[PDB]
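Below you'll find the structure, written out as structure tokens, and then a few comments.
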Amino acid sequence: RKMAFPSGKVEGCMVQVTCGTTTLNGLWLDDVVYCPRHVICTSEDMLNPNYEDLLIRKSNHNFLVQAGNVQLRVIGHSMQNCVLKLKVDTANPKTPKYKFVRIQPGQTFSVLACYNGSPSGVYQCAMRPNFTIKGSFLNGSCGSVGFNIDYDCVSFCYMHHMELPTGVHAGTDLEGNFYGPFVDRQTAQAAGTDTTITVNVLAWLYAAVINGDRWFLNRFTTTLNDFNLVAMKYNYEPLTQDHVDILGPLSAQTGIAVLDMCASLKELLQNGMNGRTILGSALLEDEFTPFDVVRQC
Amino acid sequence: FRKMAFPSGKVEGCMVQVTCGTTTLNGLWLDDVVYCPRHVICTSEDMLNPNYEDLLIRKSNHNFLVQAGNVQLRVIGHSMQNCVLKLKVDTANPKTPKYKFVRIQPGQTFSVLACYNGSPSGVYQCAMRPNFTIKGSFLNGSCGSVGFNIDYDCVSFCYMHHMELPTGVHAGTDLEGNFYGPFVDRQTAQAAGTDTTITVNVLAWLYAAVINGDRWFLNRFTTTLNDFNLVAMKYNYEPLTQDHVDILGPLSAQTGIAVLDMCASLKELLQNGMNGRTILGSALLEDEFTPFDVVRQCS
Ligand SMILES: *[C@@H](O)[C@H](C[C@@H]1CCNC1=O)NC(=O)[C@H](CC(C)C)NC(=O)OCc1cccc(F)c1
């Protein structure tokens, strides 16, 4: 049921980028290759890298870019925040229509995990409210990107840079700005306390109804403020009226008003699932947006 | 751990649409052959119980509309192999990957590229249940979508989608047209046997927890494969095969925990329960990660 966008259009952009003894992935659009800047670091550098300093000392030819069997000639380089932009001589014919976007926490995106420029897997993630993502990224995955696809247009929203000690991951948009308070230095970093994406739990509960599962529903009802009071108590995000509007289609399709579902969710939070499960999970799932659930139903 | 699909681009480049009359479903275009479910040739008056051989004799090459996008692919031949249609076309797919057709076993996982009218919608990871059904996400027009695994540069095609059952699960064939399980391609009521838990995958998951340092559940004892299997069946778990034991090898080697020792640890979990304890942050035993999947995400 957890569904990623088809990754073919992105696969045709993935290349390998090497500098010294560091190898990671880059994204090749038109005649520019994007990758994490920490590729220019050495072991010593990575603790407190002075990137502008390290970069000026670098030559176009210190960057080996490989697209499969082929090598691409770097003819220029520049830095945009934490992303290194490498101009090359040849354009990627497989470049798709695209745009660069910075997603809000709570929004989901597909990740194409790559190693040495070769696609390995694809999966769905959500930008957590503390701006980490719960990914499956190992050594060599840096430069893997996250994206959405609308019609024929790929929106790139994420580029992977690091793993925190807790096992979650962090990265930047394609402008090179981190999501969250993180920095691209080799230090143990901790995120803010994470919260649960309420509107997504709600979309998912509706999804469970649509699929014939409704043991958690109740006749009770709640106000929006009183629901948010309980939500905040259990480290759930508050629900905005835009969030309620967005749940509309799902309300309609099932005949369960948003606040009815909020009431059901409130009982779940205060009681628990008591052995029962929902769509197979024993925990409330918060990485399905309303749009995700709709598109798949 | 999360459900992780193979990148779909190599399969995207093979998806086309096949139409008979107003009936449109998806096909798989490899070299100069298009593969699709034979029930594309059915009307509605015909789906209750079709006579496929008699429905086909009446068909000609020029009744088949195959399209890659809006571009027509002319059909120059047609045959029926079990429940799949093979349409020979006048153009060899330039995007044809290295590929093979494999028939998988219950328990094995694969990625599905859910397509509508030949356009990819989404990709996700499915497990073939022991009752030969998959817990998919398919709507109308999704038939002919395929399931695959990728090994090196080679796509192994293992599943083509044909139908949904009363209980909401899905059934289909291999790429040679042979159904998985007892089902037939007819618009009739069909129930799958009782589902059981995929033991080999539960074991892979325990290995996965040990690899990550979560090992409270290992005990000092072992068991025979037969004794484990007889106790497993009493808890609605699948018995283990010799192949299951063999595909657990690498994880056994990685951890130094013999397969039958891990079976004894599971046996004790089944008999005594968790006792309020969690494994990989969960009180449920997960059964949709194969030993190959555990490696993909750990190593
Ligand atoms: C890509 O280059 C790589 C992928 C990471 C590492 C393994 N899983 C992943 O997601 N990134 C890094 O290695 C990154 C480089 C720096 C210069 C940003 N550092 C990192 O992932 O480790 C962070 C860390 C954890 C604990 C303690 C510590 F000091 C640092």
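Numbers in chain A come straight from Swiss-Prot, and the residues shown are 3267-3563, in order.
Even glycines carry a Cβ here, placed using N, Cα and C.
According to Swiss-Prot, the protein has these features:
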- A:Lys3268: ubiquitin cross-link (CROSSLNK)
- A:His3304: active site, for 3CL-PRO activity (ACT_SITE)
- A:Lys3353: ubiquitin cross-link (CROSSLNK)
- A:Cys3408: active site, nucleophile (ACT_SITE)
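Recorded features from Swiss-Prot, shown on the structure.
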residue   : record                            : contacts (Cβ under 8 Å, 6+ apart)
A:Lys3268 : ubiquitin cross-link              : A:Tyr3389, A:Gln3390, A:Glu3553, A:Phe3554
A:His3304 : active site, for 3CL-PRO activity : A:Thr3288, A:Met3312, A:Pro3315, A:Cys3348, A:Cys3408, A:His3427, A:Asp3450
A:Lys3353 : ubiquitin cross-link              : A:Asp3297, A:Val3298, A:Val3299, A:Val3340, A:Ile3341, A:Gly3342, A:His3343, A:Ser3344
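Proximity to chain B (Cβ-Cβ under 8 A) holds for A:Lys3268 out of the recorded positions A:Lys3268, A:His3304, A:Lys3353, A:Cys3408. According to DSSP, A:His3304 (active site, for 3CL-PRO activity) sits within a helical segment. Packing around A:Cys3408 (active site, nucleophile) is summarised by its Cβ count: 25 other Cβ atoms lie within 10 angstroms of its Cβ, all protein chains included.
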